[PDB]
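K.L.:
A single structure is presented below for examination.
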Amino acid sequence: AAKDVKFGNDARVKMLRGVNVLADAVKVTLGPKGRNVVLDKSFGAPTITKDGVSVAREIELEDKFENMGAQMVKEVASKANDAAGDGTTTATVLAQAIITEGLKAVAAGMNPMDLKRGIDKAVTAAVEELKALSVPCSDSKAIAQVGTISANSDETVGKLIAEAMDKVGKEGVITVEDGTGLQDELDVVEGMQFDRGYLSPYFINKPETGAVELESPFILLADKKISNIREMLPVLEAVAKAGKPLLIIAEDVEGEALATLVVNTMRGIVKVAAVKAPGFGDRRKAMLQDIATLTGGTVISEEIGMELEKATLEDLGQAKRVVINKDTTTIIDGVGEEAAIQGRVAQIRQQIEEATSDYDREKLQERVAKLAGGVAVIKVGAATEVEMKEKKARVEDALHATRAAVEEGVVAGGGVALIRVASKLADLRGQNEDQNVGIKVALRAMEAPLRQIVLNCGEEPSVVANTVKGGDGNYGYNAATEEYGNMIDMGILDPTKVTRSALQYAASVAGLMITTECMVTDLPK
Amino acid sequence: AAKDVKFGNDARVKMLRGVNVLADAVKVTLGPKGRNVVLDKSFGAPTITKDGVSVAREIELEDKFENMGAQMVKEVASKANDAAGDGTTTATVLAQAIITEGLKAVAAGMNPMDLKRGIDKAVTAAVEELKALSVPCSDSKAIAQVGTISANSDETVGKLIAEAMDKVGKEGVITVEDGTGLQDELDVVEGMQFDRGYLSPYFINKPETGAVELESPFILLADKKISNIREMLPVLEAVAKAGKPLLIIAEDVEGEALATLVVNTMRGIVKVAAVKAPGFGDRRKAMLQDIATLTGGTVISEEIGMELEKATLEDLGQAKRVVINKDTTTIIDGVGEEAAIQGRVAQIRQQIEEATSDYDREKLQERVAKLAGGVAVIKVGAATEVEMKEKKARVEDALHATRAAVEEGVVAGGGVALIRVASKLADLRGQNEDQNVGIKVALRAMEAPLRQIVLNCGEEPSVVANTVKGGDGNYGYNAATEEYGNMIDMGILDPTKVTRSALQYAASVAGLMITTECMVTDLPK
Amino acid sequence: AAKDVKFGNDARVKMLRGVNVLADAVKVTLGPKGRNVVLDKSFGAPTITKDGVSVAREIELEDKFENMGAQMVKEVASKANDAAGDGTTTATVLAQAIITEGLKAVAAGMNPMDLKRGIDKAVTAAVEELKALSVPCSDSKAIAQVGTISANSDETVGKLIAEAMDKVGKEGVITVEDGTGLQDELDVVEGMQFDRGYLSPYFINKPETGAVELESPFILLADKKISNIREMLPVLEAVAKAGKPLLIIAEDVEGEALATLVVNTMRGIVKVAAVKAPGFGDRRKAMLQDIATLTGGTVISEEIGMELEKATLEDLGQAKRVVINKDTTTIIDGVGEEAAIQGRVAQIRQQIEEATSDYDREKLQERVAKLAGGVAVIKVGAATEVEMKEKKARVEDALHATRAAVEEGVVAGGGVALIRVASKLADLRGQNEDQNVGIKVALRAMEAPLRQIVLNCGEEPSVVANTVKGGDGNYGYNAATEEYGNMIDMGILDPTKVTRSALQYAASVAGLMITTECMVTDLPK
């Protein structure tokens, strides 16, 4: 429809105001002494939470320009969350600082593109410096330490994470469900995991987790696109009679089929969840055959000849449980016979032996690795259901943090890592004065998280920041105890991956922002 | 949609205004001389009541921020009422005092987190001091005394409560009903009680009680989640033909099933109430088997093999009466044969004998206790139905107060308990000046209930407060007679549990309130 | 009345708006292709002028803050004009450029004091570089050249300035006069020249010149302050009877005496104008004695004993003509006998011989220099009275420019001198980033005059500026002919003194304004 365009520095200040609103809302909760923030609920009592993610997701502004600023900063922060598992608040704070300083500079007659280039140079130098300061977390002891730290200083969950870590190797799959007994139970069952996200958010049966947990679902294997729901009618009737959930893995799903399945989930006569086919091409077909072996199902392909209409319940695979992460899937305890899986593993091993291409060999090796390693299962054990839920959440976030730490490393948390790299990079110079100003903007903006944490603690931000910059190594300021020392010794730790991703995404969105003039919006009605 | 965000001290004063409105509305009715408050009725004459709970539930403001403050304070006060059985007004008054003083302090550049920590330390000290000041109420004479006091000084109801307490022991179940004759009737019939709340408030057939009373309902036992209503169709047809109510206990009930059953209750062709399955895992299954033994029903589980479609009226259990409390459920006079129940008791006793884990042993012991103790039955006795209703309500509240007193104890009521604790804790000091100020704020806020009671009585609040603080022990101010003396002597008593819970929840909501900066709401339209 | 105070960047932008208005108003006329600007007149037609000074003096704004900004910039520009004789427009343009860039940088969150220090360093380097680039104008040929150039390319006036310059030496005194005949005349008559300004602007009998020309005025010499007008009554009566203008040279004049003299001048009975006594102490008294020697007057001092009441017309001195400029005075052809003046010269020469102090020797030497050198008179010669006036104005401005050039030197005019200095100082660095930014601000602001001249010519400013910066030496852009070359060869020349003073005063006012935060004014009524 009709749109109104505002461009120039007026658009910039509008977007800055939107980002300021969102950044204040999020940064209030930063740090161990983070102040609570109350969220509206359409009905009943409002919630109260220190979680930055929820408050961030709840922010929408009235006037459109501020809304776009907040929405796009929020989207980049959510991308950072999905990348690692935390650091939305840090990313938003960094974005706010960089935006404020860079837009001030641009309003000061600064070349925005050179500012972007300088910020990019500064952030890549900071990233490599941070990698230099990373501490390995390969040993099981540090793994238990970080697991304990992430879950509010609980050693049992750290021990469980370390045990499962040992069970399923370095790059194993970890899943957690609610254990019946008071004792924690760890077991290894043959499972699956591939990086594919759900078709629509509406399949999420548990919105507070953002996943689709199904019990004993009948999986359907298809190498074809779901053009028409007529093909889905017989299997839909069969599963409706079976009265059990189901999974759909297919080459593609058309939009109308998606609307039909959304309707069939709102009705929920059938618990249907679909997801893109993993792999690609011949690799996709081979791994779909592997899934068929795991779940005892059968692949339905147009090229081979069989059609989805001629699909029985026996043709479908099955598994004890599946979970559809926002960008990943998990299969647990496939019904398929283990001997068949072992034979498939041997076949793919022979394919590896005869493999000559390097990347094809890598694909085959990771295929057999994820085929044979399986999925670990962690069962929470305590007395009361309330503690089932809270300890399950703690185990989930601790697992995310621990795997992030294992992937890259662990650096002194509390925001002091950014301060350390900033002090290390005090003499970084660009190609000219413009990029130099951009570099300085980035360097002084990387101090925002620690300053905000200290301000939330009620102490003086600048004094603490200067004292930390004076020190070297990992010597930072404990927010909780208000005592200086070494973060590694006192356990305040953050994964290298989360800090790196948050910093990079904040820099990316900030640089993208600094170089925008035109805005288009619908008329305010 | 678009959301208005207000953060800083303006959000604080908005929430303070909302809390002030709600607190005035509730505190007006506090005390024996509490002034009446008139409420709105969409049709007919307005209702006039001194009950703080109703007026509290009917308060919610126009502008959103004050509404949030009122709603969160109301929710916490209602949580206190559910936990104990009274003290909604006391909790609201304490919350108002603490919020006013704490926000007044925060406006002076005071560290909110230290204020919260000081308040928490002060309330913990107050709780332990109150426990020290508690008077045991284990003897039957004090039980009768508190029963008489709670029910507007009626000795007959106190005697009945004492008799039932003797019948079903210290932690027995007690239920109230309507007796045909003028004489009061007492009897013990095997029954159930477990802490589970209703799925939906819409199941409440008697909103003024907040419960679901059913006469001769057909109970259905399920260990599975109610995914589809097709499974519920045959049993629903059977019970529609039977023309009797029913109970539903299941592992879970999905939202679509909840909507379907809400529709089936609005039609009310079938009188249906659903509730979560108590226990957990194997313990859950074992107690579901116990329920089947009590009610003569049968557990329908996927794992065993049978399905809910093959549900006959014989398969369902039955009982003479059930009541679905907000967070509890009660079964009365299960049809099942007593010999089978005794055999199950013996089996669980053998399980206790062979039990090794202390927790499993405790679960088995409480299982046999709840299986064998049964449920007490108290039938109100008088002539007119008006007195049936009022005496039933009196028995209900007296039973609540008496069980609360038995659980923890009884302290001098009328608000002097908090005054005594405050006088005892006059020298409590925090880690610094900030926590000390928070401690003083809490201490002077604990005097609010007595001051409000005296103000309602029309006398000078501060004079009476000082006179009470001068005394020691339980000496206080009888508001009703306007005379001083030991409150225990003249029987102005409150349970220790209700005062402790009210104070603790007021402190918790105050700590949440003070540390709030950002508010997000929907735009006023 | 009350006063409105505005501080912060809002006052800065108010001043910026005022400076912008005044600056573009003045700069429209800059350059040989300067565009006309109309002015005000309460009666009759408005006046159209290309003179920056006339338009500048007329500008004042309606709102007080930007009015203060314009007023102070105008005052500093007028100071620049008085210092040398031109460069008001250049000073205003430089001030505008520096103010815009510096206030932009200050809005960029940059330390204003460091900006001021960097600008001061840059302008000092620019001044010394300009002195290095100066071309001497000692020889009579260059004197004639600059005289011709200043007076719109008229060789006769430059020639006349050359002969007068030779007559009265390098530091001589030149006065312009109206000549009866068409031939130009030159004569040397003993006269004074001391740097004192009029007591009041109201003495100005010819406002378009800003001077006080008196014909055959009597002179009253006094070493005392004029406390009371009673002392002035007898001499006032004597000069009123004489019907001739009066000149008052005295130690000081009190404010009420000034009001009395203003009233008398407005009455027109006496054409009196007063001036401060030059010198200091004994030196002042000695030069007053010298003035008495010239004019045949007598010094009336309290210490000697005589009083101003006992003053006859004989006691007063006399001269053929006097002119009182803004801060300058001229006495022409004192009546007193030349032999007495020569005797006084011999006395002061003996004092020089016996002088031991260096500065006293300098004072005596300059005193004999002004006593013996006298004053040259250049009588303009043409036919019509209109050309009398225009050629007299041309002679005035050419004399000012020529003496300015003789004092310091002559650098390539047309604004390219600043461009050359800026190109020479491209690598000047400050102590830190802020001073460096200020240096760059000044360096890029020195290009404003040439850019504005080119823009007034209608050509492309930046292209011409780049082309000039590419060249070295005095190579620049002729605005009139739109041809490049050497400014010296084509005669486009400006004195070193005027450019230096304009740049220095623009830098001074810019430094003062950049470091301004608060402003206090009267309420707008």
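Ligands are numbered from 1 in the order shown, chains are lettered A, B, ... in the order of the structure tokens, and residues start at 1 in each chain.
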Please, which residues in chain A fall within 10 Å of chain C when counting only C-alpha atoms, and what is the closest atom pair and distance in Å to one decimal for each, ordered by chain then residue number, as CSV?
P.N.:
residue,atom,partner,partner_atom,distance
A:101,CA,C:108,CA,8.4
A:102,CA,C:108,CA,9.5
A:103,CA,C:108,CA,9.1
A:104,CA,C:108,CA,5.5
A:105,CA,C:108,CA,5.7
A:106,CA,C:108,CA,8.6
A:107,CA,C:108,CA,7.5
A:108,CA,C:104,CA,5.3
A:109,CA,C:104,CA,7.6
A:110,CA,C:108,CA,9.9
A:433,CA,C:437,CA,9.2
A:436,CA,C:433,CA,9.9
A:437,CA,C:433,CA,9.1
K.L.:
Now that the selection is made, can you save its residues with N, CA, C and O atoms as a PDB file, in the first residue's frame?
P.N.:
ATOM      1  N   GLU A 101      27.821   5.512  19.293  1.00  0.00           N
ATOM      2  CA  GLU A 101      29.066   6.197  18.961  1.00  0.00           C
ATOM      3  C   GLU A 101      29.200   6.421  17.457  1.00  0.00           C
ATOM      4  O   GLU A 101      29.559   7.521  17.017  1.00  0.00           O
ATOM      5  N   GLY A 102      28.909   5.400  16.652  1.00  0.00           N
ATOM      6  CA  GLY A 102      29.079   5.528  15.216  1.00  0.00           C
ATOM      7  C   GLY A 102      28.120   6.521  14.597  1.00  0.00           C
ATOM      8  O   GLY A 102      28.493   7.271  13.696  1.00  0.00           O
ATOM      9  N   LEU A 103      26.867   6.534  15.054  1.00  0.00           N
ATOM     10  CA  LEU A 103      25.916   7.499  14.524  1.00  0.00           C
ATOM     11  C   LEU A 103      26.245   8.909  14.984  1.00  0.00           C
ATOM     12  O   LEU A 103      26.039   9.864  14.230  1.00  0.00           O
ATOM     13  N   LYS A 104      26.764   9.066  16.205  1.00  0.00           N
ATOM     14  CA  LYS A 104      27.280  10.370  16.603  1.00  0.00           C
ATOM     15  C   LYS A 104      28.384  10.815  15.656  1.00  0.00           C
ATOM     16  O   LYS A 104      28.396  11.961  15.187  1.00  0.00           O
ATOM     17  N   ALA A 105      29.304   9.906  15.340  1.00  0.00           N
ATOM     18  CA  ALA A 105      30.390  10.234  14.424  1.00  0.00           C
ATOM     19  C   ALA A 105      29.857  10.608  13.045  1.00  0.00           C
ATOM     20  O   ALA A 105      30.303  11.592  12.444  1.00  0.00           O
ATOM     21  N   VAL A 106      28.895   9.838  12.531  1.00  0.00           N
ATOM     22  CA  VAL A 106      28.346  10.104  11.202  1.00  0.00           C
ATOM     23  C   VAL A 106      27.644  11.453  11.173  1.00  0.00           C
ATOM     24  O   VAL A 106      27.812  12.236  10.231  1.00  0.00           O
ATOM     25  N   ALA A 107      26.842  11.747  12.198  1.00  0.00           N
ATOM     26  CA  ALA A 107      26.265  13.078  12.319  1.00  0.00           C
ATOM     27  C   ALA A 107      27.344  14.141  12.446  1.00  0.00           C
ATOM     28  O   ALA A 107      27.084  15.314  12.159  1.00  0.00           O
ATOM     29  N   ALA A 108      28.549  13.752  12.867  1.00  0.00           N
ATOM     30  CA  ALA A 108      29.696  14.648  12.913  1.00  0.00           C
ATOM     31  C   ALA A 108      30.459  14.702  11.593  1.00  0.00           C
ATOM     32  O   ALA A 108      31.669  14.967  11.591  1.00  0.00           O
ATOM     33  N   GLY A 109      29.790  14.455  10.468  1.00  0.00           N
ATOM     34  CA  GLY A 109      30.446  14.543   9.176  1.00  0.00           C
ATOM     35  C   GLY A 109      31.510  13.497   8.937  1.00  0.00           C
ATOM     36  O   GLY A 109      32.583  13.822   8.422  1.00  0.00           O
ATOM     37  N   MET A 110      31.241  12.250   9.301  1.00  0.00           N
ATOM     38  CA  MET A 110      32.187  11.158   9.148  1.00  0.00           C
ATOM     39  C   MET A 110      31.758  10.261   7.993  1.00  0.00           C
ATOM     40  O   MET A 110      30.569  10.039   7.762  1.00  0.00           O
ATOM     41  N   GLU A 433      42.499   8.374   8.882  1.00  0.00           N
ATOM     42  CA  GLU A 433      41.889   8.868  10.111  1.00  0.00           C
ATOM     43  C   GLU A 433      40.474   8.334  10.283  1.00  0.00           C
ATOM     44  O   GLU A 433      40.032   8.111  11.415  1.00  0.00           O
ATOM     45  N   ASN A 436      40.467   4.906  11.554  1.00  0.00           N
ATOM     46  CA  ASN A 436      40.998   4.997  12.908  1.00  0.00           C
ATOM     47  C   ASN A 436      39.912   5.407  13.895  1.00  0.00           C
ATOM     48  O   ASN A 436      39.820   4.852  14.998  1.00  0.00           O
ATOM     49  N   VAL A 437      39.082   6.382  13.519  1.00  0.00           N
ATOM     50  CA  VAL A 437      37.978   6.787  14.382  1.00  0.00           C
ATOM     51  C   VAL A 437      37.006   5.630  14.560  1.00  0.00           C
ATOM     52  O   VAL A 437      36.493   5.395  15.660  1.00  0.00           O
TER      53      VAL A 437
END
K.L.:
Got a sec: who's within 10 Å of residue 82 of chain B, counting only C-alpha atoms, leaving out chain neighbours fewer than 6 positions off, as a list in words?
P.N.:
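The residues satisfying every condition are residues 76, 88, 326, 327 and 498 of chain B.
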K.L.:
Grab the residues selected above and save them as a PDB file, in the first residue's frame with C-alpha atoms.
P.N.:
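Output (part.pdb):
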ATOM      1  CA  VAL B  76       1.235 -12.809  45.472  1.00  0.00           C
ATOM      2  CA  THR B  88      -4.527 -11.869  52.170  1.00  0.00           C
ATOM      3  CA  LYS B 326      -7.987 -25.353  43.613  1.00  0.00           C
ATOM      4  CA  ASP B 327      -4.735 -27.201  44.404  1.00  0.00           C
ATOM      5  CA  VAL B 498      -0.451 -17.754  57.942  1.00  0.00           C
TER       6      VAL B 498
END
K.L.:
I'd like to know which residues of segment 72-299 of chain A are helix (DSSP H, G or I) (by DSSP, run on the backbone); could you write them as number ranges by chain?
P.N.:
A: 72-83, 88-107, 112-133, 140-150, 155-167, 201-203, 233-242, 255-267, 281-295
K.L.:
Put those residues in a file: C-alpha atoms, as a compact mmCIF listing (two decimals), in the first residue's frame.
P.N.:
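Saved to again35.txt:
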# COMPACT_ATOMS: atom_id res chain seq x y z
CA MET A 72 16.48 -5.80 13.43
CA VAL A 73 18.77 -5.44 16.45
CA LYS A 74 16.59 -8.06 18.16
CA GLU A 75 16.78 -10.36 15.14
CA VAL A 76 20.57 -10.22 15.09
CA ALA A 77 20.64 -10.86 18.85
CA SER A 78 18.38 -13.89 18.39
CA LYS A 79 20.69 -15.12 15.63
CA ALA A 80 23.57 -14.81 18.08
CA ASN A 81 21.55 -16.81 20.62
CA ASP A 82 20.86 -19.57 18.10
CA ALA A 83 24.53 -19.66 17.10
CA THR A 88 21.72 -11.89 23.62
CA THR A 89 22.08 -9.20 26.27
CA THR A 90 25.79 -8.77 25.54
CA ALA A 91 25.14 -8.53 21.80
CA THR A 92 22.37 -5.97 22.29
CA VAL A 93 24.51 -3.86 24.65
CA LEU A 94 27.45 -3.93 22.23
CA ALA A 95 25.15 -3.03 19.35
CA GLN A 96 23.71 -0.11 21.31
CA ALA A 97 27.16 1.23 22.21
CA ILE A 98 28.52 0.91 18.68
CA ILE A 99 25.36 2.41 17.17
CA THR A 100 25.40 5.39 19.53
CA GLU A 101 29.07 6.20 18.96
CA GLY A 102 29.08 5.53 15.22
CA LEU A 103 25.92 7.50 14.52
CA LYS A 104 27.28 10.37 16.60
CA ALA A 105 30.39 10.23 14.42
CA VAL A 106 28.35 10.10 11.20
CA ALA A 107 26.26 13.08 12.32
CA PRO A 112 30.10 5.99 7.17
CA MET A 113 31.72 3.39 4.92
CA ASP A 114 35.18 4.04 6.35
CA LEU A 115 33.67 3.75 9.83
CA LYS A 116 32.23 0.39 8.80
CA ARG A 117 35.61 -0.78 7.50
CA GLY A 118 37.38 0.37 10.66
CA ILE A 119 34.84 -1.37 12.88
CA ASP A 120 35.23 -4.56 10.84
CA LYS A 121 39.02 -4.43 11.18
CA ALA A 122 38.77 -3.78 14.91
CA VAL A 123 36.31 -6.61 15.49
CA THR A 124 38.29 -9.18 13.50
CA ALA A 125 41.44 -8.19 15.39
CA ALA A 126 39.49 -8.54 18.63
CA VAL A 127 38.19 -11.96 17.57
CA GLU A 128 41.65 -13.33 16.81
CA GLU A 129 43.01 -11.79 20.03
CA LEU A 130 40.18 -13.46 21.97
CA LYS A 131 41.06 -16.76 20.32
CA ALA A 132 44.61 -16.16 21.55
CA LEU A 133 43.28 -15.64 25.10
CA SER A 140 36.79 -33.72 31.63
CA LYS A 141 37.66 -31.74 34.77
CA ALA A 142 37.18 -28.35 33.12
CA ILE A 143 34.06 -29.72 31.43
CA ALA A 144 32.60 -30.55 34.83
CA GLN A 145 33.69 -27.14 36.12
CA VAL A 146 31.92 -25.25 33.34
CA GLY A 147 28.84 -27.45 33.66
CA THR A 148 28.72 -26.66 37.37
CA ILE A 149 29.18 -22.94 36.73
CA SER A 150 26.49 -22.70 34.06
CA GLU A 155 28.17 -30.15 40.74
CA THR A 156 25.79 -33.05 40.02
CA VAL A 157 24.70 -31.70 36.64
CA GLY A 158 28.32 -30.99 35.75
CA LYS A 159 29.21 -34.57 36.61
CA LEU A 160 26.32 -35.83 34.47
CA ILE A 161 27.41 -33.69 31.53
CA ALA A 162 30.99 -34.94 31.87
CA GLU A 163 29.78 -38.55 32.01
CA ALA A 164 27.65 -38.23 28.87
CA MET A 165 30.52 -36.31 27.25
CA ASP A 166 32.78 -39.30 27.87
CA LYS A 167 30.09 -41.71 26.65
CA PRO A 201 6.79 -21.99 14.39
CA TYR A 202 3.26 -23.40 14.75
CA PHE A 203 4.48 -27.00 15.07
CA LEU A 233 -4.58 -38.58 3.01
CA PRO A 234 -4.07 -42.38 3.36
CA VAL A 235 -1.16 -42.12 5.80
CA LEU A 236 -3.10 -39.43 7.68
CA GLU A 237 -6.07 -41.77 8.06
CA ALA A 238 -3.76 -44.60 9.14
CA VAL A 239 -2.07 -42.49 11.82
CA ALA A 240 -5.43 -41.07 12.96
CA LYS A 241 -6.60 -44.64 13.54
CA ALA A 242 -3.29 -45.41 15.26
CA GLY A 255 2.94 -23.62 1.10
CA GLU A 256 -0.57 -24.99 0.67
CA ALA A 257 0.45 -28.30 2.24
CA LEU A 258 1.90 -26.20 5.06
CA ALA A 259 -1.44 -24.46 5.55
CA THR A 260 -3.20 -27.83 5.50
CA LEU A 261 -0.86 -29.21 8.16
CA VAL A 262 -1.25 -26.04 10.25
CA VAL A 263 -5.01 -26.60 10.12
CA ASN A 264 -4.53 -30.28 10.99
CA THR A 265 -2.42 -29.26 14.00
CA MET A 266 -4.90 -26.64 15.21
CA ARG A 267 -7.48 -29.41 14.98
CA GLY A 281 21.35 -34.84 -3.74
CA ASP A 282 22.88 -38.30 -3.71
CA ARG A 283 24.16 -37.64 -0.19
CA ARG A 284 20.60 -36.72 0.81
CA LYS A 285 19.24 -39.96 -0.65
CA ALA A 286 21.95 -42.07 1.00
CA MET A 287 21.37 -40.54 4.43
CA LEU A 288 17.60 -40.91 4.01
CA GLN A 289 18.25 -44.59 3.35
CA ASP A 290 20.35 -44.58 6.53
CA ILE A 291 17.40 -43.08 8.42
CA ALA A 292 15.22 -45.81 6.91
CA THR A 293 17.62 -48.41 8.29
CA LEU A 294 17.62 -46.74 11.71
CA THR A 295 13.84 -46.37 12.03
K.L.:
Need to verify the contact set: residue 454 of chain A, 9 Å, only C-alpha atoms, exclusion of same-chain residues closer than 4 positions in sequence. Can you return it as a ChimeraX atom specification?
P.N.:
/A:31,33,449-450,458-462,464-465,477,479
K.L.:
What's around residue 405 of chain A at 7 Å? Count only C-alpha atoms, leave out sequence neighbours fewer than 4 positions away in its own chain, and write the answer as a ChimeraX atom specification.
P.N.:
/A:137,401,409-410,495-497
K.L.:
Can you spit out the residues from that selection as a short mmCIF file (atom, residue, chain, number, x, y, z; two decimals), in the first residue's frame, using N, CA, C and O atoms?
P.N.:
data_model
loop_
_atom_site.label_atom_id
_atom_site.label_comp_id
_atom_site.auth_asym_id
_atom_site.auth_seq_id
_atom_site.Cartn_x
_atom_site.Cartn_y
_atom_site.Cartn_z
N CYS A 137 39.24 -26.35 27.00
CA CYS A 137 38.34 -27.05 27.91
C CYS A 137 38.15 -28.49 27.47
O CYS A 137 37.06 -29.06 27.57
N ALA A 401 26.00 -24.43 27.19
CA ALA A 401 27.23 -23.73 27.52
C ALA A 401 28.44 -24.67 27.43
O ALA A 401 29.50 -24.27 26.94
N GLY A 409 36.41 -22.98 23.28
CA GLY A 409 37.21 -22.75 24.47
C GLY A 409 36.40 -22.02 25.51
O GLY A 409 35.17 -21.97 25.45
N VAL A 410 37.11 -21.45 26.48
CA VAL A 410 36.48 -20.71 27.57
C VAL A 410 37.38 -19.55 27.96
O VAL A 410 38.57 -19.74 28.21
N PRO A 495 31.84 -19.20 27.59
CA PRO A 495 32.49 -19.84 26.44
C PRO A 495 33.07 -18.80 25.49
O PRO A 495 32.53 -17.71 25.32
N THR A 496 34.20 -19.16 24.88
CA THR A 496 34.77 -18.30 23.84
C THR A 496 33.79 -18.12 22.69
O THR A 496 33.69 -17.03 22.12
N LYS A 497 33.06 -19.18 22.35
CA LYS A 497 32.18 -19.13 21.19
C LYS A 497 31.08 -18.08 21.37
O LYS A 497 30.79 -17.32 20.45
#
K.L.:
Excluding same-chain residues fewer than 3 positions from residue 15 of chain B, what lies within 8 Å of it counting only C-alpha atoms, as a ChimeraX atom specification?
P.N.:
/B:11-12,18-19,65-70
K.L.:
Could you tell me, as a VMD selection string, which residues of segment 254-444 of chain A DSSP assigns to strand (DSSP E) when given the backbone?
P.N.:
chain A and resid 274 to 276 299 to 300 317 to 324 329 to 334 375 to 380 410 to 412
K.L.:
Atom CA of residue 225 of chain C and atom CA of residue 311 of chain C, how far apart in Å?
P.N.:
15.6 Å
K.L.:
Write out as a PyMOL selection string which residues come within 9 Å of residue 380 of chain C when counting only C-alpha atoms, dropping same-chain ones fewer than 2 positions away.
P.N.:
chain C and resi 157+176-185+378+382+388+391-392+395
K.L.:
As a ChimeraX atom specification, please: the residues near segment 41-49 of chain B (cut-off 10 Å, only C-alpha atoms, same-chain neighbours under 6 positions excluded).
P.N.:
/B:29,35,55
K.L.:
Just give me the gap between atom CA of residue 503 of chain C and atom CA of residue 418 of chain C in Å, one decimal is fine.
P.N.:
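We find that atom CA of residue 503 of chain C and atom CA of residue 418 of chain C lie 8.8 Å from each other.
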K.L.:
In Å, rounded to a single decimal, give me how far atom CA of residue 476 of chain A is from atom CA of residue 416 of chain A.
P.N.:
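Those two atoms sit 5.9 Å apart.
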